[PDB]
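Next up: a single chain in structure tokens, the form deposited in one PDB entry.
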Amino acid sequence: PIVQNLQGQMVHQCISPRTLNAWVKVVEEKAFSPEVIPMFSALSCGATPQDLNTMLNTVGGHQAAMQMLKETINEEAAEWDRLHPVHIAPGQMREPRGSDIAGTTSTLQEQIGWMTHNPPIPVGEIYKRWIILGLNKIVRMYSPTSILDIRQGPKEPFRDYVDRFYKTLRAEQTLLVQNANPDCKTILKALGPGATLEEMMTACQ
């Protein structure tokens, strides 16, 4: 990543073993559960494109997903090249192409050069946006169940139903009342409109 030192210049630092290990584990344990994406974003804070490629490449399974991500990345790179065409002056900074931003045709030195320039071309933040676009599509695709099939069981506590319901909504990116069981539905209808979630859960406890 690029960090500020103790004396206030922006410098390159090796990706840490703890960071590498945390990512691989979270993917092993959680696959593409929606909470994996904010974890990715936080572990890749200050990342160069090389660091972002390292994190993606260290994943060993889920190679269907990692291929779909490559496709999304290539579409975003091609749209970048559409908006930002490029033509080098000895010793001068060249302009990045899509593939430079994705770290396939750029060196670490060029990446540091762009990201620390005054003003900076934040190639790591741009690439991370493309990656997260790609990851969100994967989360949606690997969502097991439609929100239409989340209905409260006759013996299911209302709290457990609401947990399943919002978990599903998150992955898919008055239905709550419609899908409640007969007993809670009756209570909820009687609360009248514009009830908060806290009030609905309280009433159905």
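All residue numbers refer to positions in the sequence shown, first residue = 1. So that the term is clear: the rigid core is the largest set of C-alpha atoms that superpose within 1.5 Å between two forms.
> Do the Cα atoms of 177 to 185 stray more than those of 9 to 17 in 6 other deposited structures of this protein, or is it the other way round, with the core held fixed?
With the rigid core superposed, the C-alphas that lie farther in 6 other deposited structures of this protein are those of 9 to 17.
> At least a third of the other compared entries: do they leave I88 without coordinates?
In at least a third of the comparable entries (those modelling both sides of it), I88 has no coordinates.
> Note how many residues of the deposited chain are left out of the model between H87 and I88; the options are none, 1 to 3, 4 to 9, and 10 or more.
According to the record, 1 to 3 deposited residues lack coordinates from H87 to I88.
> How many missing residues of the deposited sequence lie between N136 and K137 in the entry, grouped as none, 1 to 3, 4 to 9, or 10 or more?
None; the chain is continuous from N136 to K137.
> Decide which of the stretches 138 to 146 and 50 to 58 has the higher mean C-alpha B-factor, going by the entry.
According to the entry, 138 to 146 carries the higher average C-alpha B-factor.
> Higher average CA B factor in the deposited record is what I'm after, so tell me if that's 147 to 155 or 35 to 43.
Here the higher of the two C-alpha B-factor means belongs to 147 to 155.
> For the C-alpha B-factor as written in the entry, point me to the maximum among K25, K189, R18, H12.
Spelled out: the listed residue with the top C-alpha B-factor is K189.
> Ordered by C-alpha B-factor within the chain, which third holds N118? Give me lowest, middle or highest, please.
For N118, the deposited C-alpha B-factor lands in the highest third.
> Which third of the chain holds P96 when residues are ordered by C-alpha B factor: lowest, middle or highest?
Middle third of the chain for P96's C-alpha B-factor.
> Lowest, middle or highest third: where is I131 by Cα B-factor in its chain?
According to the entry, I131 has a C-alpha B-factor in the chain's lowest third.
> Hey, what third does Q63 fall into on Cα B-factor, ranked over its chain?
For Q63, the deposited C-alpha B-factor lands in the lowest third.
> In terms of the chain's CA B-factor thirds, is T174 lowest, middle or highest?
For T174, the deposited C-alpha B-factor lands in the highest third.
Omitted from view is the form deposited with a small molecule bound, to which the following refers.
> Just to be sure I understand the contacts: of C45, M141, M66, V177, which is the one whose heavy atoms reach within 4.5 angstroms of the small molecule in the bound PDB entry?
Contact check passes for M66.
> Does any part of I150 reach within 4.5 Å of the small molecule in the bound PDB entry? Heavy atoms only, please.
No, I150 stays farther than 4.5 Å from the small molecule in the bound PDB entry.
> Quick one: does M115 come within 4.5 Å of the small molecule in the bound PDB entry, counting heavy atoms only?
Close contact is absent here: in the bound PDB entry, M115 is far from the small molecule, nothing within 4.5 Å, heavy atoms only.
> Quick one: does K70 come within 4.5 Å of the small molecule in the bound PDB entry, counting heavy atoms only?
Yes, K70 is a contact residue.
> Indicate whether the small molecule has at least one heavy atom within 4.5 Å of a heavy atom of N57 in the bound PDB entry.
Close contact exists here: in the bound PDB entry, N57 approaches the small molecule to within 4.5 Å, heavy atoms only.
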